[PDB]
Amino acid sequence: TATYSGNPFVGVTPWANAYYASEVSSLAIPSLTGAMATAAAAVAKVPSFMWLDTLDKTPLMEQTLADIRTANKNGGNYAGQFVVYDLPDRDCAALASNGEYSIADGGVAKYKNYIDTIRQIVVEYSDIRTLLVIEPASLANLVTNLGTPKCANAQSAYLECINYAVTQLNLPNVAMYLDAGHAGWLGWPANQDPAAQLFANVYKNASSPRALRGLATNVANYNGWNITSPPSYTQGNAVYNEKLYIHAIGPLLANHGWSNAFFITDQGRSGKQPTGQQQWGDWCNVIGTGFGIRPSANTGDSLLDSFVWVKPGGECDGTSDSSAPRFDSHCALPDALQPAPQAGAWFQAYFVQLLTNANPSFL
């Protein structure tokens, strides 16, 4: 059944979408040989989230859900996985993933229309359990980056928009996880409570939506889940992995009026620890990374609903071309793989790296 009474990953199987599978099979495999080619075909079967990064990407959500509806007839019990990611003045503390809407030019109204579009799809497919990550980077930027003019000015718009998202997508077949950055961002002891306050306030302000299950961490990042050996670049932070992060912030959510908040954590680029990061804040196309813990609801953890692959490995974080639009200097750092295409575009050398360094291995 589509509705759920607790962990929304229980009794379902996350669906591996055709979009990523097409990228692997048609963009990666023709360039590979032997063992690597075979291993790549296997990656295409690991479920990762589909990002709805533009409004005209919404038909792809429908096509995925149509596939799932079909597969659910043949005994199967599959769930759809999507990222809601189109805020006006998006990615306010970076330049690589700037979006189609701006606050100045009716961006809030356009965002509401975008949410309206997604809501209709979810109603159309009320028979399918649908797992959503809400707006990566946004709320975390509001906690830590009010010193960035673009974020400071986006505050009221972000909170209005996110309130609209979590209220309009509050439906019985839906589970939403608000993006909550990662251990090396919001996990810092001094940021934990302010972050928890903001998250609980979003939840409370939205009348405690039943579909709002908790938080998503490590999205498009690389931190370890439960590594017992803290990496050099984590120096100074007692919260050096994602398990420590969720177990630190969880009780603070409860303290601020959000009880029963649960978590999902991205491990799609977390297989190699330590990573090739020379600094913890180096987020763009990081070298020395591999595909990580496979998506699974068997987490052996009180707070983690599921390990997930949110950022699809192989899809670029940003262009390394200083002369191109949306160039962010982070993408030209020593530990950023180069040359890199536009954010979201296929990045073959990066896919090859992730496959080579995969743990668990595909090879």
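In this text, residue numbers run from 1 along the sequence as written.
Undergrad: Averaging CA B factors per stretch from the PDB record, which one is higher: 94-102 or 237-245?
TA: The deposited B-factors put 94-102 ahead on the C-alpha mean.
Undergrad: Looking at the entry, does 138-146 or 210-218 show the higher mean C-alpha B-factor?
TA: The deposited B-factors put 138-146 ahead on the C-alpha mean.
Undergrad: Which is it among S323, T299, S48, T54: the one with the largest CA B-factor in the entry?
TA: Of the options given, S323 has the highest CA B-factor in the PDB entry.
Undergrad: Pick out which of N72, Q168, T289, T265 has the highest C-alpha B-factor in the PDB entry.
TA: Within the set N72, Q168, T289, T265, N72 shows the top C-alpha B-factor.
Undergrad: Among the chain's modelled residues, which third holds the C-alpha B-factor of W280?
TA: For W280, whose C-alpha B-factor we compare with every modelled residue in the chain, the answer is the highest third.
Undergrad: With respect to C-alpha B-factor, does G314 fall in the lowest, middle or highest third of the chain as deposited?
TA: It belongs to the lowest third of the chain when residues are ordered by C-alpha B-factor.
Undergrad: Once the chain's modelled residues are ordered by C-alpha B factor and cut into thirds, is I121 in the lowest, middle or highest one?
TA: Ranked within chain, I121 CA B lands in the middle tercile.
Undergrad: Please place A21 in the lowest, middle or highest third of its chain according to the CA B-factor in the PDB entry.
TA: It belongs to the middle third of the chain when residues are ordered by C-alpha B-factor.
Undergrad: Would you check the entry's CA temperature factor for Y78 and let me know if it's in the chain's lowest, middle or highest third?
TA: Highest third - that is where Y78 ends up once the chain's C-alpha B-factors are sorted.
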